[PDB]
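One-letter residues, chain by chain:
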Amino acid sequence: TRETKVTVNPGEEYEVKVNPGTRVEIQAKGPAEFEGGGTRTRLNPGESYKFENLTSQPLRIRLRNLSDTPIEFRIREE
């Protein structure tokens, strides 16, 4: 288990990698949009998005900054 932190500029995107059998969680410091697993989710400030890789293949979760200012994402990997 580990954590890191990334910053995304308005309009820009960032991918979060998850390994098979593992899961991740992203907490958004502001409005954000997520894509993965064929689904989409948007967060309010303070909220977090969870994803679990139930496949045999590596997956990636899309981050998008919906705000007018740079957004911080707290990235947790389990």
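Note: the structure precedes this text.
Brief notes about the overall build of the chain
Move 1: The secondary structure content of the chain amounts to zero helices and eight strands.
Move 2: The N-to-C order of helical and strand elements in the chain reads β-β-β-β-β-β-β-β.
Move 3: Taking the principal axes of its C-alpha atoms as reference, the chain extends roughly 35 × 25 × 20 Å.
Move 4: A burial count over the chain gives 31% of its 78 residues as buried.
Move 5: Long-range contacts, defined here as pairs at least 24 residues apart, represent 72% of the contacts in the chain between residues at least 6 apart.
Move 6: Of the roughly 5,100 Å² of accessible surface on the chain, 41% is carried by carbon and sulfur atoms.

Some points on the packing of aromatic side chains
Move 1: The full count for this structure, using the stated rule, is two aromatic pairs.
Move 2: Aromatic side chains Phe34 and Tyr49 sit 4.9 Å apart centroid to centroid with 35° between the ring planes, which places their arrangement in the tilted category. A residue pair is termed long-range when its members are at least 10 positions apart, and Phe34 in strand β4 (residues 32-36) and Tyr49 in strand β6 (residues 48-52) qualify at 15 residues.
Move 3: Here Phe34 and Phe73 contribute two aromatic rings whose centre-to-centre distance is 6.1 Å and whose plane-to-plane angle is 85°, an arrangement assigned as edge-to-face. With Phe34 in strand β4 and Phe73 in strand β8 (residues 71-77), this pair connects stretches of sequence that are 39 residues apart. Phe73 matches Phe34 in its accessibility class, with the two residues each being buried.

Focus: the sheet that holds strand β3 (residues 23-28)
Move 1: Spatially, β1-β8-β3-β6 is the arrangement adopted by the four strands of the open sheet, whose pairing is antiparallel. In this open sheet, the two strands that pair with only one neighbour each are β1 (2-8) and β6. Neighbour-to-neighbour, the strand axes of the sheet open up by a mean angle of 20°, direction not taken into account.
Move 2: Two elements, β3 and β6, share five bridges in a ladder whose sense is antiparallel. Looking at the pairing, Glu25 lines up with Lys50 of β6.

Conventions and cut-offs
Residues numbered from 1 in each chain as written, not as in the entry; some residues may be left out. Heavy atoms only, no water. Helix = DSSP H or I, 4+ residues; strand = E, 2+ residues; numbered from the N terminus. Buried < 20%, exposed > 50% of the residue type's maximum accessible area, 1.4 Å probe, protein only. Contact = heavy atoms within 4.5 Å. Areas by Shrake-Rupley, 256 points an atom, 1.4 Å probe, with all protein chains shown as cover. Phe/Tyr/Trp six-rings, centres within 6.5 Å; stacked < 30°, edge-to-face > 60°. Pairing = 2+ DSSP bridges. Axes fitted to C-alpha atoms, helices over the stretch in contact; angles between N-to-C directions.

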